[PDB]
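Q: I have a structure here, written as structure tokens, and I will follow up with some questions on it.
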Amino acid sequence: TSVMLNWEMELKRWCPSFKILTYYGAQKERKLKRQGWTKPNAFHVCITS
DNA sequence: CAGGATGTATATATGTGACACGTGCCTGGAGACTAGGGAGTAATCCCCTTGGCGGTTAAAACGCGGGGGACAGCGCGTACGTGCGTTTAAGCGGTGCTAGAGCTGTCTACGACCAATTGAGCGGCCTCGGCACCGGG
């Protein structure tokens, strides 16, 4: 959990073309983020703890 | 703010229903006295199912606002109560009759009971698939 932001920033820095999805927050926020996440090309790289 | 006009008590009385009280019967009970059985109390002790630690989010809670529901006032209508008269079958108790609940006597098939044998059921274990969970329409 301490390096999720670090990984996200490194991805945004080096490879700007990846759709990054940081899976964090309360349950309700996690459900909101999961809503429609099964669709194709919704995100390219997911970062979780 | 009275008073006929009812209705509801209150008190007394008596004699016929019913508690109340002998008189003896006895047969079903109630207890005493030996002998035999037996299941649960008591002490350990192995083993699960409680009661006790720290987090996570989900539900309880607090507030707000207005909206629809409770409760009170009021009035219209009709039906439900009360009284009077007519009607009916309900209460009484008197007689007649027999049907079967009950007591009784005899004979008997069914079940408790006891011993040996057998497999139906149940704890246990594992593999698996019906539905819990979930995110898009």
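Residue numbering restarts at 1 in every chain; chains get A, B, ... in the order shown in the structure tokens, and ligands count up from 1 in that same order.
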Distance limit 10 Å, atoms considered: only C-alpha atoms (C1' of nucleotides). Which chain B residues sit that close to chain A? Return them as a PyMOL selection string.
A: chain B and resi 56-58+135-136
Q: Write the residues of the selection above to a file with N, CA and C atoms (P, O5', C5', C4', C3', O3' and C1' of nucleotides), as a short mmCIF file (atom, residue, chain, number, x, y, z; two decimals), in the first residue's frame.
A:
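What landed in part.cif:
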data_model
loop_
_atom_site.label_atom_id
_atom_site.label_comp_id
_atom_site.auth_asym_id
_atom_site.auth_seq_id
_atom_site.Cartn_x
_atom_site.Cartn_y
_atom_site.Cartn_z
P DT B 56 -8.04 -2.28 8.90
"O5'" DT B 56 -9.12 -3.03 7.99
"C5'" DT B 56 -10.27 -3.61 8.59
"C4'" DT B 56 -11.37 -3.82 7.58
"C3'" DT B 56 -11.74 -2.58 6.77
"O3'" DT B 56 -12.35 -2.97 5.55
"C1'" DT B 56 -13.42 -3.03 8.41
P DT B 57 -11.94 -2.22 4.18
"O5'" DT B 57 -13.35 -1.72 3.59
"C5'" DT B 57 -14.25 -1.02 4.43
"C4'" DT B 57 -15.47 -1.88 4.75
"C3'" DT B 57 -16.78 -1.30 4.27
"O3'" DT B 57 -17.75 -2.34 4.12
"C1'" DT B 57 -16.70 -1.18 6.62
P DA B 58 -19.02 -2.12 3.16
"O5'" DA B 58 -20.27 -2.22 4.15
"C5'" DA B 58 -20.65 -3.48 4.70
"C4'" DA B 58 -21.74 -3.32 5.75
"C3'" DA B 58 -23.02 -2.64 5.27
"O3'" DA B 58 -24.14 -3.20 5.95
"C1'" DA B 58 -22.07 -1.36 7.01
P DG B 135 -18.86 -6.57 -8.42
"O5'" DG B 135 -19.07 -5.91 -9.87
"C5'" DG B 135 -18.33 -6.40 -10.99
"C4'" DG B 135 -19.14 -6.31 -12.27
"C3'" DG B 135 -19.63 -4.92 -12.66
"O3'" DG B 135 -19.67 -4.80 -14.07
"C1'" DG B 135 -21.49 -6.32 -12.27
P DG B 136 -19.67 -3.35 -14.78
"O5'" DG B 136 -20.69 -3.53 -16.00
"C5'" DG B 136 -20.37 -4.43 -17.06
"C4'" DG B 136 -21.62 -4.88 -17.81
"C3'" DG B 136 -22.47 -3.76 -18.39
"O3'" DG B 136 -23.02 -4.20 -19.63
"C1'" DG B 136 -23.75 -4.99 -16.82
#
Q: Which parts of chain A does DSSP call strand (DSSP E or B) when run on the backbone here, written out as a list in words?
A: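 So, restricting chain A to strand (DSSP E or B), we get residues 20, 21, 22, 45, 46 and 47 of chain A.
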Q: Quick one: residues within 12 Å of residue 7 in chain A, only C-alpha atoms (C1' of nucleotides) counted, chain neighbours fewer than 3 positions away excluded, as a PyMOL selection string?
A: chain A and resi 1-4+10-15+20-22+45-49
Q: Can you check which residues of chain A DSSP gives as alpha helix (DSSP H) on the backbone and send them as a list in words?
A: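 Reading the DSSP output for chain A, alpha helix (DSSP H) covers residues 4, 5, 6, 7, 8, 9, 10, 11, 12, 13, 14, 27, 28, 29, 30, 31, 32, 33 and 34 of chain A.
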